[PDB]
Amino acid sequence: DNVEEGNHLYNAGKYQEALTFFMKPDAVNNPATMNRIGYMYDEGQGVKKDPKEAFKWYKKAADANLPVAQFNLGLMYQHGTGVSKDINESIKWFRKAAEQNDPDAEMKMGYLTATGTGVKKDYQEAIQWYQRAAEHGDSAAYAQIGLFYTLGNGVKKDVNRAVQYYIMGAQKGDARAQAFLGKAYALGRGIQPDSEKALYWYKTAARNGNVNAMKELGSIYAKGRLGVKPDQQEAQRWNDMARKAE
């Protein structure tokens, strides 16, 4: 294959070297490869980053019914990256990509439905899209669903069930569910108050770049909440890092 070779060179950072292989007649015609050429233009892997040119390759690949590339194409409309911003053409593509079972597109559809951005707001359709994106390997989806039960958007507030969703997403690497779960342990809101497990999950979410957990952590050590020995050598570490991250 001229694409599988070009994949090996690209997988190993020889982007321009890999790009020539992809531009070969047998390679260009591959839809998955056509998508990758748009990516390389989108991030400047082998070329000077041109999003407008990246749009050309996303459209070719998305016009071949490639779920990854229909999502990418819908993004380019939504942000108006390489085309002129068309929020409502963008949902044509997310819809196609999401109904083709793309996880990222299903969640973009959970968002657009929950906010009513390009479509009639519907908290019930938004849950379905979010739960479907969870089945397809998206850990952020769990906390997005649990928010509905904590807040009460289209459902009666079931704080117990919301924390069950947080724990799921928290144990699968999601920075926010981890912070949400830490707050649940800390107040006993969702489950049984554990000052240790609350601290563990706060530390894990901060480790994963959740700013509210960093800020929370800095407050924990300074005041001396949650049974830590009050430490300011740690407390000022966290708050500085949070400021630096915004």
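Residue numbers run from 1 along the displayed sequence.
Judged by mean Cα B factor in the deposited record, 48-56 ranks above the other of 207-215 and 48-56. Relative to its counterpart among 63-71 and 186-194, 186-194 has the higher mean temperature factor, C-alpha atoms as listed in the PDB entry. In the PDB entry, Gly80 places in the highest third of its chain by CA B-factor. Per the PDB record, residue ranking by Cα B-factor puts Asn30 in the middle third of the chain. Looking at the C-alpha B-factors along this chain, the one for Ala179 belongs to the lowest third. When all modelled residues of the chain are sorted by CA temperature factor, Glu106 is found within the lowest third.
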